Amino acid sequence: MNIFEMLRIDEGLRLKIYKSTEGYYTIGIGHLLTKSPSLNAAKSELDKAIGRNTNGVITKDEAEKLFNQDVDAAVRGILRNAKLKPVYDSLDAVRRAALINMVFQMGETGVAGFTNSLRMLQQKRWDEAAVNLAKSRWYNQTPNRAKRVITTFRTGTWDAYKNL
Ligand SMILES: [Cl-]
Ligand SMILES: [Cl-]
């Protein structure tokens, strides 16, 4: 298992614009287009991202290209973040994949706000961190996905994703 397969399981794959769990226009493998309520605004963002007149439909290769760019940006956002970087550098490979997932879902800024959980992760207090992470809107809004990521941080294995 790897970050790619992991997030592809968490986000799924859709070739037409759709509304995410937060009601924002998205496409492909969780690629957010815009927070605006306007479909046109989303189709515009989409064409600009793809470099062609899409008409709200992309191919599989194009989704995958957006995905590669997004994973990359997530890693780089972590590395450039003074609050995230140290955490990331202290973890093992599996847990690093769990931090990337959160950053991809919620943005570098949202993740840097889990101050207490970040400290526990850094301290390698797995069970405590797992409990702290669960006390969040994140966990209450998307509990199944949050559980998979939390389990990952807790056990350092891919068990929550084996089966999927
Ligand atoms: Cl883009
Ligand atoms: Cl969920």
# chains A, B, ... in the order shown; residues from 1 in each chain; ligands from 1

$ residues_around --residues "residue 83 (chain A)" --least-positions-apart "5" --cutoff "12 Å" --atoms "only C-alpha atoms" --output "PDB file with N, CA, C and O atoms, in the first residue's frame"
ATOM      1  N   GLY A  77       3.923  21.229   0.899  1.00  0.00           N
ATOM      2  CA  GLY A  77       3.345  22.112   1.868  1.00  0.00           C
ATOM      3  C   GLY A  77       3.749  21.689   3.291  1.00  0.00           C
ATOM      4  O   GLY A  77       3.956  22.460   4.195  1.00  0.00           O
ATOM      5  N   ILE A  78       3.792  20.419   3.539  1.00  0.00           N
ATOM      6  CA  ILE A  78       4.235  19.898   4.845  1.00  0.00           C
ATOM      7  C   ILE A  78       5.698  20.308   5.127  1.00  0.00           C
ATOM      8  O   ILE A  78       6.050  20.852   6.174  1.00  0.00           O
ATOM      9  N   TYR A  88       6.531  15.436  10.726  1.00  0.00           N
ATOM     10  CA  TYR A  88       6.744  14.596   9.568  1.00  0.00           C
ATOM     11  C   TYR A  88       8.086  13.918   9.627  1.00  0.00           C
ATOM     12  O   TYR A  88       8.229  12.701   9.431  1.00  0.00           O
ATOM     13  N   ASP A  89       9.128  14.716   9.886  1.00  0.00           N
ATOM     14  CA  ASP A  89      10.486  14.146   9.990  1.00  0.00           C
ATOM     15  C   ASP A  89      10.606  13.181  11.125  1.00  0.00           C
ATOM     16  O   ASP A  89      11.429  12.281  11.066  1.00  0.00           O
ATOM     17  N   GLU A 108      -2.903  22.483   4.714  1.00  0.00           N
ATOM     18  CA  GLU A 108      -1.734  22.574   5.608  1.00  0.00           C
ATOM     19  C   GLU A 108      -2.076  23.378   6.852  1.00  0.00           C
ATOM     20  O   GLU A 108      -1.647  23.131   7.992  1.00  0.00           O
ATOM     21  N   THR A 109      -2.894  24.389   6.602  1.00  0.00           N
ATOM     22  CA  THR A 109      -3.313  25.292   7.647  1.00  0.00           C
ATOM     23  C   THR A 109      -4.236  24.621   8.656  1.00  0.00           C
ATOM     24  O   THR A 109      -4.090  24.814   9.886  1.00  0.00           O
ATOM     25  N   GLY A 110      -5.197  23.818   8.143  1.00  0.00           N
ATOM     26  CA  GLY A 110      -6.112  23.125   9.045  1.00  0.00           C
ATOM     27  C   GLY A 110      -5.338  22.111   9.875  1.00  0.00           C
ATOM     28  O   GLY A 110      -5.562  21.993  11.087  1.00  0.00           O
ATOM     29  N   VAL A 111      -4.430  21.351   9.217  1.00  0.00           N
ATOM     30  CA  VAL A 111      -3.687  20.367   9.990  1.00  0.00           C
ATOM     31  C   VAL A 111      -2.756  21.025  11.022  1.00  0.00           C
ATOM     32  O   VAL A 111      -2.598  20.495  12.114  1.00  0.00           O
ATOM     33  N   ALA A 112      -2.132  22.166  10.710  1.00  0.00           N
ATOM     34  CA  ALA A 112      -1.189  22.782  11.657  1.00  0.00           C
ATOM     35  C   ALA A 112      -1.907  23.278  12.917  1.00  0.00           C
ATOM     36  O   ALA A 112      -1.312  23.534  13.993  1.00  0.00           O
ATOM     37  N   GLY A 113      -3.237  23.351  12.803  1.00  0.00           N
ATOM     38  CA  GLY A 113      -4.046  23.748  13.954  1.00  0.00           C
ATOM     39  C   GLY A 113      -4.330  22.636  15.051  1.00  0.00           C
ATOM     40  O   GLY A 113      -4.958  22.898  16.105  1.00  0.00           O
ATOM     41  N   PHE A 114      -3.920  21.377  14.772  1.00  0.00           N
ATOM     42  CA  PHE A 114      -4.099  20.267  15.691  1.00  0.00           C
ATOM     43  C   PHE A 114      -2.857  20.238  16.548  1.00  0.00           C
ATOM     44  O   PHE A 114      -2.185  19.252  16.692  1.00  0.00           O
ATOM     45  N   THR A 115      -2.594  21.334  17.146  1.00  0.00           N
ATOM     46  CA  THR A 115      -1.410  21.494  17.967  1.00  0.00           C
ATOM     47  C   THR A 115      -1.089  20.423  18.974  1.00  0.00           C
ATOM     48  O   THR A 115       0.028  19.952  19.082  1.00  0.00           O
ATOM     49  N   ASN A 116      -2.104  20.092  19.771  1.00  0.00           N
ATOM     50  CA  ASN A 116      -1.954  19.070  20.785  1.00  0.00           C
ATOM     51  C   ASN A 116      -1.686  17.682  20.181  1.00  0.00           C
ATOM     52  O   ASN A 116      -0.842  16.918  20.658  1.00  0.00           O
ATOM     53  N   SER A 117      -2.443  17.304  19.134  1.00  0.00           N
ATOM     54  CA  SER A 117      -2.229  15.959  18.531  1.00  0.00           C
ATOM     55  C   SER A 117      -0.880  15.878  17.891  1.00  0.00           C
ATOM     56  O   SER A 117      -0.236  14.875  17.965  1.00  0.00           O
ATOM     57  N   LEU A 118      -0.445  16.980  17.275  1.00  0.00           N
ATOM     58  CA  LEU A 118       0.894  17.057  16.639  1.00  0.00           C
ATOM     59  C   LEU A 118       1.988  16.824  17.680  1.00  0.00           C
ATOM     60  O   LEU A 118       2.998  16.158  17.470  1.00  0.00           O
ATOM     61  N   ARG A 119       1.815  17.414  18.827  1.00  0.00           N
ATOM     62  CA  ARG A 119       2.800  17.217  19.878  1.00  0.00           C
ATOM     63  C   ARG A 119       2.878  15.747  20.336  1.00  0.00           C
ATOM     64  O   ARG A 119       3.952  15.150  20.523  1.00  0.00           O
ATOM     65  N   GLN A 122       4.527  13.645  17.734  1.00  0.00           N
ATOM     66  CA  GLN A 122       5.920  13.844  17.794  1.00  0.00           C
ATOM     67  C   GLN A 122       6.508  13.108  18.979  1.00  0.00           C
ATOM     68  O   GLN A 122       7.637  12.607  18.913  1.00  0.00           O
TER      69      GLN A 122
END

$ residues_near_ligand --ligand "ligand 1" --cutoff "10 Å" --atoms "only C-alpha atoms and all ligand atoms" --output "PyMOL selection string"
chain A and resi 31-33+45-51+65-67+69-70+73

$ write_last_selection --atoms "C-alpha atoms" --output "PDB file, in the first residue's frame"
ATOM      1  CA  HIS A  31      -9.290  17.621  -6.528  1.00  0.00           C
ATOM      2  CA  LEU A  32     -11.174  20.640  -5.141  1.00  0.00           C
ATOM      3  CA  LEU A  33     -12.115  23.112  -7.817  1.00  0.00           C
ATOM      4  CA  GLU A  45     -11.372  26.566 -12.736  1.00  0.00           C
ATOM      5  CA  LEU A  46     -11.537  23.117 -14.248  1.00  0.00           C
ATOM      6  CA  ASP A  47     -10.549  24.239 -17.816  1.00  0.00           C
ATOM      7  CA  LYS A  48      -7.780  26.375 -16.443  1.00  0.00           C
ATOM      8  CA  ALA A  49      -6.411  23.356 -14.440  1.00  0.00           C
ATOM      9  CA  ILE A  50      -6.634  20.976 -17.448  1.00  0.00           C
ATOM     10  CA  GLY A  51      -5.609  23.454 -20.110  1.00  0.00           C
ATOM     11  CA  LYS A  65      -2.288  13.989 -13.493  1.00  0.00           C
ATOM     12  CA  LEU A  66      -4.200  16.303 -11.104  1.00  0.00           C
ATOM     13  CA  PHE A  67      -3.728  13.659  -8.438  1.00  0.00           C
ATOM     14  CA  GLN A  69       0.250  17.233  -8.720  1.00  0.00           C
ATOM     15  CA  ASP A  70      -1.874  17.331  -5.601  1.00  0.00           C
ATOM     16  CA  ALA A  73       1.927  19.839  -3.399  1.00  0.00           C
TER      17      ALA A  73
END

$ residues_around --residues "region 9-23 of chain A" --least-positions-apart "6" --cutoff "6 Å" --atoms "only C-alpha atoms" --output "VMD selection string"
chain A and resid 29 to 30 56 to 58

$ select_by_dssp --residues "region 13-139 of chain A" --states "alpha helix (DSSP H)" --output "PyMOL selection string"
chain A and resi 39-50+60-80+85-90+93-112+115-123+126-134+137-139

$ closest_residue --among "A:120, A:98, A:164, A:42" --to "residue 146 (chain A)" --atoms "only C-alpha atoms"
A:98

$ residues_near_ligand --ligand "ligand 2" --cutoff "10 Å" --atoms "only C-alpha atoms and all ligand atoms" --output "number ranges by chain"
A: 10-11, 21, 138-148

$ residues_around --residues "residue 36 (chain A)" --least-positions-apart "4" --cutoff "8 Å" --atoms "only C-alpha atoms" --output "JSON, numbers by chain"
{"A": [24, 25, 41, 42]}

$ write_last_selection --atoms "N, CA and C atoms" --output "compact mmCIF listing (two decimals), in the first residue's frame"
# COMPACT_ATOMS: atom_id res chain seq x y z
N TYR A 24 -18.67 21.34 -1.88
CA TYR A 24 -17.86 22.11 -2.85
C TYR A 24 -17.56 21.30 -4.09
N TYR A 25 -17.55 22.01 -5.20
CA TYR A 25 -17.28 21.43 -6.50
C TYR A 25 -15.88 20.86 -6.53
N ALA A 41 -18.19 28.93 -12.26
CA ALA A 41 -16.94 29.22 -11.60
C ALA A 41 -16.10 27.93 -11.51
N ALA A 42 -16.74 26.81 -11.29
CA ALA A 42 -16.07 25.53 -11.17
C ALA A 42 -15.61 25.03 -12.53

$ closest_residue --among "A:121, A:100, A:106, A:130" --to "residue 86 (chain A)" --atoms "only C-alpha atoms"
A:121

$ closest_residue --among "A:74, A:91, A:2, A:85" --to "residue 103 (chain A)" --atoms "only C-alpha atoms"
A:74

$ closest_residue --among "A:84, A:6, A:71, A:27" --to "residue 159 (chain A)" --atoms "only C-alpha atoms"
A:6

$ closest_residue --among "A:107, A:155, A:59, A:101" --to "residue 126 (chain A)" --atoms "only C-alpha atoms"
A:155
